[PDB]
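The listed protein sequences derive, respectively, from chains r and G. Using the deposited numbering, the first residue of the first sequence is number 1, and each one after it goes up by one. Using the deposited numbering, the first residue of the second sequence is number 6, and each one after it goes up by one. Ideal placement from N, C-alpha and C gives every residue a C-beta, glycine not left out. The next block holds one structure in the form of structure tokens; read it before the comments.
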Amino acid sequence: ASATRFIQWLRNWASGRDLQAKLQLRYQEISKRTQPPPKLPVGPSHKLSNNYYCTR
Amino acid sequence: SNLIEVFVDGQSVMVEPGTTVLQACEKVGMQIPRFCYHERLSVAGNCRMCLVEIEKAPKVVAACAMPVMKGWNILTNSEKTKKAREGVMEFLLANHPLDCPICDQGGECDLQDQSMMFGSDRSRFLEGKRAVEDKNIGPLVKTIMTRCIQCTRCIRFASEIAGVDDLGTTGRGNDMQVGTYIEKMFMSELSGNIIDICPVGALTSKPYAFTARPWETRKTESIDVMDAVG
Ligand code: SF4
Ligand code: SF4
Ligand code: FES
């Protein structure tokens, strides 16, 4: 038998609680193509005035 | 017997009267970033990069211009000297094209080595950049006057040492073109030295053109044959 309902009882019985968190575990919440094009933020520089290398 | 004691960062050095600030700094081991000054050529205060602040003075004087008198404490690493070098470097590169990949000069470039060490990391610049129409000077010297920083060193070279008198400044402000106005084919003796005189990639060898970058080729010393002087 390959039916999940009866098998899930066996794997839970034989040492420790299972059911959730599978071996494969790549079904839901796996985002393909990452995200829409983002904008990377700038640090303490980039913005002009008082950006001398004498201070840095 | 004709010797003046002066201080470079507080260190004693003896110099001949008439010598410049940069000449006095060469004695101790210091080297102020420069663009116009040359060991063989004359003195002009064009670019104003060799700014060095001497204490008890309101304005910063160039290393080219001032002759050293008695009692000066030349400060090379002060708060104002660093801001002077960072300032002018931003002005020099505001109206200079992004040509480092297409430039014949690579690692040998004076603008590259100095802007990394003395100049600022980032530029405030937003809009501008002037473009200069290139003039065909000769088949021996390739000339792209867009990259020229109007330093006036080649003009002095052709006038004082080469003695040909063809190059000259034409126009005012941004619109200043270095070169011959009459579009004359400049070919004379010592014309293969003007490519080495120019600190930037404005004047370059046309027969050499594009083959290797300065860092890639291994240098070897040799005496040149087929010449009387050697
Ligand atoms: S002259 Fe120097 S800084 Fe200017 S494009 Fe050529 S390599 Fe780059
Ligand atoms: S072509 Fe070169 S040497 Fe002549 S003024 Fe321009 S930067 Fe200076
Ligand atoms: S190098 Fe001295 S003013 Fe240009």
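Residue-level contact to chain G via CB, residue i, 8 angstroms cutoff
i: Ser-31 of chain r; result: no
Close beta carbons around residue i, own chain, < 7 angstroms, minus the five adjacent residues each side
i: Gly-176 of chain G; result: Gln-182
i: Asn-51 of chain G; result: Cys-41, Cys-156 and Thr-157
i: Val-33 of chain G; result: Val-13, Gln-16 and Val-18
Closer than 8 angstroms to chain r by CB, residue i
i: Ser-120 of chain G; result: no
i: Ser-125 of chain G; result: yes
i: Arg-129 of chain G; result: yes
Cβ-based neighbour list, residue i, same chain, cut-off 8 angstroms, excluding 5 preceding and 5 following
i: residue 243 of chain G; result: Because chain G spans 6 through 235 in this model, residue 243 of chain G falls outside it and cannot be assessed.
i: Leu-27 of chain G; result: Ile-37, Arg-39, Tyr-42, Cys-55, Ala-68 and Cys-69
CA-to-CA distance, residue j to residue i, given in whole angstroms
i: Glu-221 of chain G; j: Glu-29 of chain r; result: 51 angstroms
i: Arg-5 of chain r; j: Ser-15 of chain r; result: 18 angstroms
i: residue 288 of chain G; j: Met-192 of chain G; result: No statement about residue 288 of chain G is possible, as the shown extent of chain G runs from 6 to 235 and does not include it.
i: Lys-75 of chain G; j: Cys-30 of chain G; result: 15 angstroms
i: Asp-109 of chain G; j: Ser-196 of chain G; result: 18 angstroms
i: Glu-44 of chain G; j: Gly-111 of chain G; result: 23 angstroms
6 angstroms CB neighbourhood of residue i in its chain, flanking five on each side removed
i: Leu-46 of chain G; result: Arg-161
i: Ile-59 of chain G; result: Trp-77 and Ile-79
i: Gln-119 of chain G; result: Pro-38
Exercise. Please name the residues in the segment 83-116 of chain G whose beta-carbon is closer than 7 angstroms to at least one beta-carbon of chain r, in chain order.
Key: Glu-84, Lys-87, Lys-88 and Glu-91
Item to complete: Taking only beta carbons into account, state which residues of the segment 25-50 of chain r come closer than 9 angstroms to chain G, listed in chain order.
Response: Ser-45, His-46, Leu-48 and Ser-49
Unbroken alpha helix (DSSP H) runs of length 4 or more, entirely within the segment 45-114 of chain G: which are they? 84-97
Practice prompt. At 3 residues or longer, and completely inside the segment 141-193 of chain G: list those beta strand (DSSP E) runs for me, N to C.
Written response: 146-148, 173-177 and 180-184
Open item on the list: Ignoring anything shorter than 3 residues, give me the beta strand (DSSP E) runs that lie fully in the segment 113-140 of chain G, in order along the chain.
Closed with: none
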